[PDB]
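Structure record follows, encoded as structure tokens.
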Amino acid sequence: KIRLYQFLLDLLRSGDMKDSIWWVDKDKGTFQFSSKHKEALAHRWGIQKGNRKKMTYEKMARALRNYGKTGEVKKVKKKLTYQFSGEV
DNA sequence: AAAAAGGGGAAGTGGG
DNA sequence: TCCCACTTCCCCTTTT
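Heads up, the first sequence is in the entry's author numbering, so the first residue is 171 and it goes up one at a time.
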């Protein structure tokens with residue numbers, strides 16, 4: 171099944187959900203979530219995953235924080251902004 | 001102050 | 001069975 175980081179990257183590079191997420195610094199791989207619209211993106215993640223419960227941004231960031239352990243995505247010190255590793 | 005964002009141990013779930 | 005990649009819970013610390 172698809173990985174969360176790909177889900178997010180595929181969205182950035184396609185362009186749907188520009189109300190929910192966008193590139194802060196594309197070349198560098200920095201992307202940011204919208205405060206008011208992040209939930210709609212998080213819910214789509216769950217619908218797609220086929221989770222039995224409803225996906226929230228809180229639970230999605232919980233998973234996101236795990237990539238900081240393996241390096242795929244890291245949190246940047248700006249509100250709702252993360253950064254993909256040399257893979258973006 | 002108050003609310004949003006950030007955090008993380010640990011048990012639980014689904015697919016392979 | 002076990003492993004992985006989250007997912008759910010629940011509650012606490014920091015930034016805005």
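Even for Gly, the Cβ is constructed at its ideal location relative to N, Cα and C.
Do you know how far the Cα of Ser255 is from the Cα of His207? Numbered from its first residue, the first sequence carries residue 207 at position 37. Numbered from its first residue, the first sequence carries residue 255 at position 85. Each residue's Cα considered, the two are about 24 Å apart.
Reduced DSSP category for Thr200 - H, G, I as helix; E, B as strand; rest coil: Within the first sequence, residue 200 is the residue found at index 30, counting from 1. Three-state result, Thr200: strand.
Ignore the nearest five residues each way along the sequence and tell me which others in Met230's own chain have a CB closer than 7 Å to its CB. Translated into positions along the first sequence, residue 230 becomes position 60. Taken in chain order, the residues that qualify are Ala212, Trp215.
Rounded to whole angstroms, what is the Cα-Cα separation between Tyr237 and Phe177? Residue 237 sits at position 67 when you count from the first residue of the first sequence. Residue 177 sits at position 7 when you count from the first residue of the first sequence. Between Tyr237 and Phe177, the C-alpha separation is close to 14 Å.
Residue interval of the beta strand (DSSP E) (run including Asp195): Indexing the first sequence from 1 puts residue 195 at position 25. From DSSP, the beta strand (DSSP E) with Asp195 extends over 191-195.
Measure the alpha-carbon distance for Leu174 versus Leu181 and round it to whole angstroms. On the first sequence, position 4 is the one that residue 174 refers to. On the first sequence, position 11 is the one that residue 181 refers to. In a straight line, the C-alpha of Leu174 is about 11 Å away from that of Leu181.
Nearest to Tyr227 by CA position, among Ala210, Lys219, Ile217, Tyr252, is which residue? The count along the first sequence starts at 1 and reaches residue 227 at position 57. Of the candidates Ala210, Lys219, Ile217, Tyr252, the one whose C-alpha sits nearest the C-alpha of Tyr227 is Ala210.
Express the C-alpha separation of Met225 and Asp195 in angstroms, rounding to a whole number. As a first step, residue 195 must be located in the first sequence, where it is residue number 25. As a first step, residue 225 must be located in the first sequence, where it is residue number 55. Going by the C-alpha atoms only, they are around 27 Å apart.
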